[PDB]
Amino acid sequence: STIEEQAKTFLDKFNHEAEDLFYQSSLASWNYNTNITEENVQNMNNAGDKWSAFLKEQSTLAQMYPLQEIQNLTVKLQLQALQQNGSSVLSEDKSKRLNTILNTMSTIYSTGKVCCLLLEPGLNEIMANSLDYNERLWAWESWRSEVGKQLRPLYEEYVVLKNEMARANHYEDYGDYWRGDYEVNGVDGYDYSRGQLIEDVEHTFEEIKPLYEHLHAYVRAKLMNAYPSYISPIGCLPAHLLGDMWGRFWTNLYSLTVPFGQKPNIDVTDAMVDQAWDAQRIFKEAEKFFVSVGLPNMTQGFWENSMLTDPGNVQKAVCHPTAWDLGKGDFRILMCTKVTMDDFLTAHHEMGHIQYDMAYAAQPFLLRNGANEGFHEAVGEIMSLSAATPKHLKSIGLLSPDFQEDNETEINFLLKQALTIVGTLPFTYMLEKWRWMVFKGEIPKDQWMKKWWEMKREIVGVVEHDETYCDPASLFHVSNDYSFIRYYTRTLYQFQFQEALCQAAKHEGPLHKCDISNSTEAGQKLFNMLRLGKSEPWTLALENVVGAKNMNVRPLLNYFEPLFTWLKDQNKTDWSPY
Amino acid sequence: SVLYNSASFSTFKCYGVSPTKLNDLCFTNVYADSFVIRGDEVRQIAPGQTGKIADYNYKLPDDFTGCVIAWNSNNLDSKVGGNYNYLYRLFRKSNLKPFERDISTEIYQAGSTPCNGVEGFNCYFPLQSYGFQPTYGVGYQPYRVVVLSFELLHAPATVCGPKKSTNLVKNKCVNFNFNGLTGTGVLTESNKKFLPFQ
Amino acid sequence: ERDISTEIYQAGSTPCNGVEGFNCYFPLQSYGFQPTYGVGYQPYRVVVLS
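Rules and cut-offs
Residues numbered from 1 in each chain as written, not as in the entry; some residues may be left out. Chains lettered and ligands numbered in written order. Part of a larger assembly, values for the part shown. Heavy atoms only, no water. Helix = DSSP H or I, 4+ residues; strand = E, 2+ residues; numbered from the N terminus. Buried < 20%, exposed > 50% of the residue type's maximum accessible area, 1.4 Å probe, protein only. Contact = heavy atoms within 4.5 Å. Areas by Shrake-Rupley, 256 points an atom, 1.4 Å probe, with all protein chains shown as cover. Disulfide = S-S within 2.5 Å. UniProt positions renumbered as here; feature names shortened; annotations may be inferred. Salt bridge = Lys/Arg side-chain N within 4 Å of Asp/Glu carboxyl O. Pairing = 2+ DSSP bridges. Expected span 1.5 Å × (residues − 1). Buried area = accessible area lost by both parts, 1.4 Å probe. Polar contact = N/O pair within 3.5 Å; in protein donor to acceptor, adjacent residues only side chain to side chain. Nonpolar A, V, L, I, M, F, W, Y, C, P; charged D, E, K, R; others polar. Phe/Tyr/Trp six-rings, centres within 6.5 Å; stacked < 30°, edge-to-face > 60°. Axes fitted to C-alpha atoms, helices over the stretch in contact; angles between N-to-C directions. Parallel < 35°, antiparallel > 145°, perpendicular 65-115°, else oblique. Left-handed = near helix turned anticlockwise from the far one by under 90°. Patch = residues over 30% accessible without salt bridge, like charges linked within 9 Å, V, L, I, M, F, W, Y side chains within 5 Å.

- Looking at the method and resolution fields of the entry, one finds cryo-EM and 4.1 Å.

- The deposited entry bears the title "SARS-CoV-2 B.1.1.7 S-ACE2 complex".

### Comments concerning the overall build of chain B
Right, so step 1: From N to C terminus, chain B includes two helices and nine strands.
Right, so step 2: For chain B, the N- to C-terminal ordering of α and β elements is β-β-α-α-β-β-β-β-β-β-β.
Right, so step 3: For the C-alpha atoms alone, the extent of chain B along its principal axes is close to 85 × 40 × 30 Å.
Right, so step 4: Classification of the 198 residues of chain B by burial places 30% in the buried group.
Right, so step 5: In chain B, once contacts between residues fewer than 6 apart in sequence are set aside, the share between residues at least 24 apart is 68%.
Right, so step 6: Carbon and sulfur atoms provide 57% of the accessible area of chain B, an area that totals close to 13,500 Å².

### Thoughts on the UniProt feature "disulfide bond" in chain C
Right, so step 1: Here the UniProt disulfide linking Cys16(C) with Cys24(C) is intact, its two sulfur atoms sitting 2.0 Å from each other. Pair check on accessibility: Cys16(C) and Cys24(C) agree, each one buried.

### Quick notes on the pattern of salt bridges
Residues and elements named next belong to chain A.
Right, so step 1: This model, assessed by the stated rule, comprises 20 salt bridges over all chains.
Right, so step 2: A salt bridge links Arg 194 to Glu 172; the shortest N-O distance between them is 3.2 Å. Within this pair, whereas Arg 194 is found in the loop between α8 (176-179) and α9 (202-222), its partner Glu 172 is found in the loop between α7 (152-168) and α8, the two being separated by 22 residues in sequence.
Right, so step 3: A single salt-bridge network, built from bridges that share partners, covers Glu 172, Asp 176, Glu 183 and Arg 194.

### Topic: the sheet that holds strand β2 (residues 33-34) of chain B
Residue and element names in this part refer to chain B.
Right, so step 1: Pairing in this open sheet of three strands is antiparallel, and the strands run β2-β6-β3 from one edge to the other. Lying at the two open borders of the sheet, with one neighbouring strand each, are β2 and β3 (68-69).
Right, so step 2: As defined by bridge partners, β2 adjoins strand β6 (residues 146-147) across two bridges and the pair is classed as antiparallel. Residue pairing for β6: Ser 34 is matched across the bridge by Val 146.

### Overview of the state of the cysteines
Residue and element names in this part refer to chain A.
Right, so step 1: Enumeration over the complete set of coordinates arrives at seven disulfides over all chains.
Right, so step 2: At a sulfur-sulfur separation of 2.0 Å, the disulfide partner of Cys 115 is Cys 116. Its S-S torsion of approximately 115° makes the covalent link between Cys 115 and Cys 116 right-handed.
Right, so step 3: On the basis of relative accessibility, which here comes to 73%, the residue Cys 115 falls in the exposed class.

### Some points on helix α18 (residues 485-504) of chain A
Right, so step 1: An ideal rise of 1.5 Å per residue puts 28 Å on 20 residues; α18(A) measures up with 28 Å between its terminal C-alpha atoms.
Right, so step 2: Directly after α18(A), the chain includes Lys506(A), whose backbone phi takes a positive value near 60°.

### Regarding the interface of chain A and chain B
Right, so step 1: Counting from both sides, the interface comprises 18 residues of chain A and, opposite them, 16 residues of chain B.
Right, so step 2: Interface area for chain A against chain B, summed over the two sides, is near 1,600 Å², with a carbon-plus-sulfur share of 54%.
Right, so step 3: Per-residue buried area on chain A facing chain B is highest for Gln6(A), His16(A) and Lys328(A); these three make up 30% of the total on that side.
Right, so step 4: Where chain A packs against chain B, one counts zero salt bridges.
Right, so step 5: Inspection of the region where chain A meets chain B yields six residue pairs in polar contact.
Right, so step 6: With ten residues, helix α1 (residues 3-34) of chain A is the largest single contributor of residues to the side of chain A that touches chain B.
Right, so step 7: Residues that form the side of chain A that touches chain B fall into these classes: three nonpolar, eight polar and seven charged.

### A look at unusual backbone geometry
Right, so step 1: The backbone of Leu131(A) shows a phi angle near 60°, a positive value even though the residue is not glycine.
Right, so step 2: By the element assignment, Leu131(A) lies in the loop between α5 (119-128) and α6 (136-147).
Right, so step 3: By relative accessible area, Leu131(A) is classed as exposed at 83%.
Right, so step 4: Of note in this structure, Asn23(C) is not a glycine but carries a positive phi near 60°.

### A look at the UniProt feature "disulfide bond" in chain B
Residue and element names in this part refer to chain B.
Right, so step 1: The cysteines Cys 14 and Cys 67 that UniProt joins by a disulfide are bonded here; their SG atoms are 2.0 Å apart. Placement of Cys 14 in the segment before β1 (29-30) and of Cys 67 in the loop between α2 (52-56) and β3 is noted, with a sequence separation of 53 residues between them. The same class applies to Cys 14 as to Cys 67, namely buried.
Right, so step 2: Agreement with UniProt is obtained for the disulfide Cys 26 to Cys 160: its S-S length of 2.0 Å falls short of 2.5 Å. Of this pair, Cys 26 sits in the segment before β1 while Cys 160 sits in the loop between β7 (150-151) and β8 (174-175); the two residues are 134 residues apart in sequence, bridging distant segments of the chain.

### Observations concerning the pairing of strand β1 (residues 324-327) of chain A
All names here are of chain A.
Right, so step 1: Pairing geometry for β1 and strand β2 (residues 330-332), over two bridges, is antiparallel. Looking at β2, one finds that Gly 327 is bridged to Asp 330.
Right, so step 2: If you look at the hairpin formed by β1 and β2, you'll find two residues sitting between the two strands, and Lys 328 has a positive phi there, around 60°.

### Here we look at the packing of aromatic side chains
Any two aromatic rings considered together are summarised by their centre-to-centre distance and by the angle between their planes.
All names here are of chain A.
Right, so step 1: Following the criterion strictly, the structure yields 50 aromatic pairs over all chains and no others.
Right, so step 2: A ring pair is formed by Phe 484 and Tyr 487, whose centres lie 4.9 Å apart and whose planes are at 70°; its orientation type is edge-to-face.
Right, so step 3: What makes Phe 484 buried here is its relative accessible area of 2%.
Right, so step 4: A residue is classified by how much of its surface remains accessible, and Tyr 487, at 13% relative accessible area, is buried.

### Regarding the packing of helix α11 (residues 283-293) of chain A against helix α12 (residues 341-360) of chain A
Residues and elements named next belong to chain A.
Right, so step 1: It is at 11 Å that the axes of α11 and α12 come closest, and there the two elements cross at 55°. By the angle between their axes, α11 is oblique relative to α12. By crossing handedness, the relation of α11 to α12 is classed as right-handed. Seen from α11, the contacting residues are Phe 283, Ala 286, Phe 289 and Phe 290; seen from α12, they are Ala 347, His 348, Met 351 and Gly 352.

### So, a nonpolar patch on the surface
Right, so step 1: A cluster of nonpolar side chains, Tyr31(C), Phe33(C), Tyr37(C) and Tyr41(C), forms an exposed patch at the surface whose accessible area comes to about 500 Å².
Right, so step 2: Looking at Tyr41(C), the relative accessible area reads 59%, which means it is exposed.

### Observations concerning the arrangement of the chains
Right, so step 1: Counting contacts across all two pairs of chains that touch, the top pair turns out to be chains A and B.
Right, so step 2: Contact between chain A and chain C is absent, and the minimum C-alpha spacing across the pair is 17 Å.

### Regarding the environment of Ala62(A)
Residues and elements named next belong to chain A.
Right, so step 1: Of note, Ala 62 is situated in the loop between α2 (39-61) and α3 (75-82).
Right, so step 2: Here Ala 62 falls in the buried class, since its relative accessible area comes to 11%.
Right, so step 3: Put simply, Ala 62 and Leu 79 are 17 residues apart on the chain and 9.7 Å apart in space, counted from C-alpha to C-alpha.
Right, so step 4: Leaving out residues up to four positions away in the same chain, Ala 62 has contacts with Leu 82 and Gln 83.

Take a look at the structure:
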């Protein structure tokens, strides 16, 4: 007959019963994280079992169709994940063993009690705030010697098991199990490749390593005073000074540095007690912010169904910062919302992506995710960047006309911008490149953890290794199989989109003071992109919004001229305190 | 008049035959033509515009005298759990003739393998059901389009618009409109008796 | 006898108050003669000499 007719018939049944099954499965999870009960446990188990049951059974039913016999090239876009086989292709013995990994490792991650010591509220605070050489040394070395030892069975048949199924499923490596997305091989011309991502990661890294090298000169020269005989400018950095337990985070620590401490930073809590900030408040003026960008009013049910308050102890729940694409004309943010300077940023962070969600809500269910795997949180990040401009804060209520400013406000804006989000991307470079080389198998089975320095010793210079230890599995974001290449991708696309957006708003020069407001065209053209979602290649759409199929180099400095010139006049391993 | 200035039949869209002018012209026959819709069927209900529903659920030549009437019924019938009472054909073979009621209940042959007794591969149902719940989005909220087909058959039209009648004053001549009788003169009380029907 | 003004005509029950709304539609609508317009829509020049 015709592939497309019953293909869309099956997919539209999927859409119409997926609103039911999915929507009230996500809604069972909504009742759960709203009200953590046990009938929710059992019914959510059943609903997820029926979701996975559609997956397995109907993805036995879907493979009587071939892969190539398609001409529409959008039916390809739906059939990559529709005609796929999944994880049931192999035997049934390593099935309870993959569950063994994903459950025992998760338990050890959640029951890794040091003896006791409570995991997140106790260890994370003391590890970041203990300030000594012989007490945080205990919590750090005991941590390492307690965690990096028992994982050798789990992890060292873990890698071979995923590599084996990768080869058995006509793939090259556990990465090729993933990277197959980045071969655009449907519509020609807008194609790309997957085989390596060494291109433009070292290349853009060979462009940031100048900027990061100046920043590293500054940082490595700053910490002279604390350890006189252990830290020198000609050597490099010690083991335990990342500002975080792994130091994955590069936008906070202006507090351990005082180049300009004279100018008062922004504070809105005084405004908070002054001007009727209610936690039903700025959210609505955030709505009129998006109106200033050009977006419509927010729906009426959002004030009713979505929770925007403090549920309190009476309402048992957890407020984790991950928005919810509930779908079906319902898109939710379940947060214990408070009025705080960082919560101010968080509100717009979530609402930018929630508006993105209602933006592509007009798309069929299979195409109802972000533009690519990294673009999801990038939507929140770029909107936070857009709304975080201080002179726009002077353009709105939460600031006084008498509030004078100088050019050094942004100096600790950036030297904040060194230790909670972005600045030292090279750590992500280390961890991710080492992770591709270990999961894919190009490293032998006792050469992880030397590399768990010298890549530091080569890229950032964090030193103390021998053969055996296996650190990289003890994270929320690796014990649940999450790859940080999303962070690299967002780190670039954030600023390419930022350059395009601020250039479109007739603001030029350095990009640290662009206000995106009263710009219908910046909203009109954005609509032409956001409405499409994933229907078009990111290369072509990137040229439509920015102007190229590949990431640009100049904009990264176009945002950072002041920090560039300010680094140059303060930036004025094979060395061992060990 | 009440439907026009009802302030409740919110999507009273009668583009074409004028509700503003309806109240004098007669039609022989009018038609109650009602079903259930969603917030997406609003634009789908646009005679001239086509789609899944216009091709496989309701019928239309292109043009017909008769309006469309929908209004928010979400509060009326929406239970937590899902309103499975209502349902809809999803995908038919082809279209049908303009404006005929259909309750065809059979199995759709989707692809290559003939159905001829089987319901599995290539043989799925077009009959699906709704799951309406109170949090449903605007594009899905039921509004219930209702149609008002006015056919004026050659026979004289029996149902007509209202007759706006005012008071009568006598002993001073006026123009007058006693149902066809349109002269000009004085009316007065009179004595001569009539029969029950003259 | 002529008529030049472009007053906002009130297209129904809810008063326009100058703006759009339920039954309020602007009488002034351009031809915009595009090639796709049919012969029943193609322009014709007319001159009347009283």
